[PDB]
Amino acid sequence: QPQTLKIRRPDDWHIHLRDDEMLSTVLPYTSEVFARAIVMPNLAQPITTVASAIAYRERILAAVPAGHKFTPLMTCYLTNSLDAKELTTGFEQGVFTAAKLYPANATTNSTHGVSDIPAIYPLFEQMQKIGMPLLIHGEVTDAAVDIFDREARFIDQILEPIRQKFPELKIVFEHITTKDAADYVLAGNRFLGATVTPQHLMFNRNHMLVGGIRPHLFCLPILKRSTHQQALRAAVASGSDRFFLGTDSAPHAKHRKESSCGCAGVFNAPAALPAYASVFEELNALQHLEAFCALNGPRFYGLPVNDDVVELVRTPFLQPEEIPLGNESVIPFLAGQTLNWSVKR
């Protein structure tokens, strides 16, 4: 009988569900396994009001397959013109679980993002006061800064000053990719946490570029050198409660990935939990998987831990090469590869 592992039902603290037909297609891969997910607000029209958040939440709930138990945790897209009252009442009414900071032009659907971050300090002050967490895509966008350096520059230039001025603001440093970030979070306090994706644990920039260029490994923040990958792996393997599961599943149609200018984002929802299990196994750290997947996140946000359990079984499972999307398709993470772990039905 193959090795099994019982853990509390996990949550995904960072995901893109998109909208319309894409939403219908991709959500089931998440709702099958995860009880809750932090749903990012970067649609074509960003989610900046309570009304638009309620409407999007309804569309997500309508896409949940029968027999799945799933609750989306909505987020507000911060902007330079955002009204603080909208953020405050959204949080107190339970519409917004958190607010998300995109530096302007840092990534997908970020043209309406925040251009001069210190200008919205009055929003952070209000968030600190009410206990609303701030989620951050932590990259500078200055053209003179090399893409591989943008996360590290963010830490010193933007994040540290925020933490000095608002010491009791809950901040999630989303999808960390560097030793710089890992060390900074490890040296922080209970008000600073971080999510880590499976791709930044499993791969480094050599996988994207050696022997050919692989746009399905292209995501933001970009894959870093092996040194940084190893630091992330050691961070989560340490069992520190500052790190938790956030996939940053970010699906795009195949033709938008395999083009002259490929979109950033990996569609990793289909194999997400098994992928993480494989990593924790390689790190001799399966004892810390549960905390990372199911405990650390809820404890950071101040939300309850799930009552359910899931069973991971160490039996092979082949990822499909493509996932249909109308007359187009989406290429999943680890397409055509065999994972060592499966989830028991």
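All residue numbers are counted from 1 along the displayed sequence.
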property	result
Per the entry, higher mean C-alpha B factor between 210 to 218 and 117 to 125	117 to 125
Higher-B stretch (mean Cα B-factor, as the entry records it), 225 to 233 or 85 to 93	85 to 93
Given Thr178, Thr75, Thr197, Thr79, the residue at which the Cα B factor reaches its maximum	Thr79
Options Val309, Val26, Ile54, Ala37 - largest CA temperature factor per the record	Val309
Third of the chain's Cα B-factor distribution that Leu61 belongs to, per the entry	middle
Ranked against its chain, the third holding the CA B-factor of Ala271	highest
Position of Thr247 among the chain's modelled residues by C-alpha B-factor, lowest, middle or highest third	lowest
Record-listed C-alpha B factor of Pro46: chain third	highest
Record-listed C-alpha B factor of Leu325: chain third	highest
